[PDB]
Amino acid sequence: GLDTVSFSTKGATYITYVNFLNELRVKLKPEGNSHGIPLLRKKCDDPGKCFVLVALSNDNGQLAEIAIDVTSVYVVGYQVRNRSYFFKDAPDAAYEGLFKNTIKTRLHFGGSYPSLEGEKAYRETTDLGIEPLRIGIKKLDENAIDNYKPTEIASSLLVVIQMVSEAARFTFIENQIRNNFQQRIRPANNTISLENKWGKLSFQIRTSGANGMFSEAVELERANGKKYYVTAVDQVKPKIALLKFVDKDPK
């Protein structure tokens, strides 16, 4: 009994994409906020109501249903046709609890960015945009077989992970995509450092006082790699849509 959200690439526009992201942001059901920024639930372990299904379909009707964790917006697995695939690191509760009545498989690689790079999918060389998304859905469906190609699944999920999860977390990434929607673009050093620092930013923001000062600054990068440090909430607030609930200092 999960919540579901749909997005079709057929006749898709930058507007249908943004409306989709905001529908997802709502269904993740964050609880409360920190400094005005929505704060994702700290705990939600029951697979029966701790995942949101994102139904992605392309112009040809091919469909891929992605399972996303409501506490982290983490993609743990997906279903295509009558089959389901899960990242090697997907917890047992989810593997057993999600996508029942499907032929289940556990991928031989994790869902983290470095695990995906092990399957040749690198953020720096993977195109993002509506066409890259149509192709990703197409590939996931084409690989709804026993002898699937892990490199195709990895690159396709890398596109999905950033266009859905990262964009849902960061308004900055959402707009990099929105204003490049009908084009193919690769994330730069700015987009990549944000993606990498979501946890640290989330912890420093939540634990800061009314003045918003971070106890420890967070290093980010400009498009060209030049580093800069975020030392206050307001310095990054306009770039974030959702905050992760982080307990201990992450690192």
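Numbering starts at 1 and follows the sequence shown.
Colleague: On average, are the C-alpha B-factors higher in 9-17 or in 226-234?
Modeller: Per the deposited B-factors, the answer is 226-234.
Colleague: Once you work out the mean C-alpha B-factor for both 58-66 and 38-46 from the entry, which is higher?
Modeller: Mean C-alpha B-factor is greater for 38-46.
Colleague: Highest Cα B-factor in the PDB entry belongs to which of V26, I205, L194, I185?
Modeller: Max CA B-factor in the entry, restricted to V26, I205, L194, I185: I185.
Colleague: Taking the values exactly as deposited, rank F99 by C-alpha B-factor within its chain and report the matching third: lowest, middle or highest.
Modeller: Middle third of the chain for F99's C-alpha B-factor.
Colleague: Quick check for you: using the entry's CA B-factors within this chain, is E166 in the lowest, middle or highest third?
Modeller: Bottom third by C-alpha B-factor.
Colleague: Where does the C-alpha B-factor of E131 rank in its chain, lowest, middle or highest third?
Modeller: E131: CA B-factor falls in the middle third of its chain.
Colleague: For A93, return the chain-relative third of its C-alpha B-factor as stated in the PDB record: lowest, middle or highest.
Modeller: Its C-alpha B-factor belongs to the highest third of this chain's values.
Colleague: Of the three thirds of its chain by CA temperature factor, lowest, middle or highest, which one includes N82?
Modeller: Middle third, going by the recorded CA B-factors of the chain.
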